[PDB]
């Protein structure tokens, strides 16, 4: 059976329950085509200048991604559409608050644009977070998901051009001897549609088989504020940060965070006060 498809408008309350059951759901029109167009236009140049993932120039090379893959993260300074429209997505925030209520506050572990070159091979079937957060492998099997991944199509996802594979129900698997491409279904998606998976969903990028098509996606890993992001916004200029909403500032680690503990003592606090109170960080200041 196929990946459940849900409306961002009509089925909002059904999205997280669907992922919790099946380990994957397609959110049709997660981003409007206007937001996709502005996002694509803004990141275009940064994708073109991005070297190979394991470039000898990098002191944090990515040895896992194929040499044809280009990944651009820390999108806040690059993209007005990302910092304003995506970081304040009503649909994203409803799903994340549904997903992470047991733990507390959530933030962006990584927002990245990925462009796959023609003839990009299929990724091995995997769970995310295993190259950055070894801790997640030590969580009890039934522990609520500590991160989820919105794979947003920025170009068409087809069977031919390497649309994502998922194994439905694999987020609940402990024994992995049944892991095979035989067990997968595809995320066929229009630009702005999003495939939502958990950190336990077994999945992979598909094989690009046309030899002509370039596939692009926005991957948003949302995780509990108790886990360290893969990416830093420490070098984002304060003018850009102060142009954001307080919620967007929190998602980029420019605010203190709270756990769901009844008498929570907080994260990234400064002698009982928040980052934002201490540094007198203003919000929604046009540049």
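Residue numbers count along the first chain shown, from 1.
A.B. asks: Return whichever of 111-119 and 174-182 has the greater mean Cα B factor according to the PDB record.
C.D. replies: Stretch with the greater average CA B-factor: 174-182.
A.B. asks: Look up the CA B-factors in the entry and say which stretch, 124-132 or 155-163, has the higher mean.
C.D. replies: Result of the comparison: 155-163.
A.B. asks: In terms of CA temperature factor as recorded, identify the highest of 219, 259, 67, 232.
C.D. replies: The listed residue with the largest C-alpha B-factor is 67.
A.B. asks: Divide the modelled residues of the chain into thirds by Cα B-factor and specify which third, lowest, middle or highest, holds residue 149.
C.D. replies: Ranked within chain, residue 149 CA B lands in the lowest tercile.
A.B. asks: Using only modelled residues of the chain, where does the Cα B factor of residue 269 rank: lowest third, middle third or highest third?
C.D. replies: Its C-alpha B-factor, which the entry lists for residue 269, ranks in the lowest third among residues of this chain.
A.B. asks: Relative to the other modelled residues of the same chain, rank the CA B-factor of residue 141 and answer lowest, middle or highest third.
C.D. replies: CA B-factor rank for residue 141: highest third.
A.B. asks: Comparing against every modelled residue in the chain, figure out the third that the C-alpha B-factor of residue 191 lands in (lowest, middle or highest).
C.D. replies: For residue 191, the deposited C-alpha B-factor lands in the middle third.
A.B. asks: Among all modelled residues of this chain, ranked by Cα B factor, put residue 223 in the bottom, middle or top third, i.e. lowest, middle or highest.
C.D. replies: According to the entry, residue 223 has a C-alpha B-factor in the chain's lowest third.
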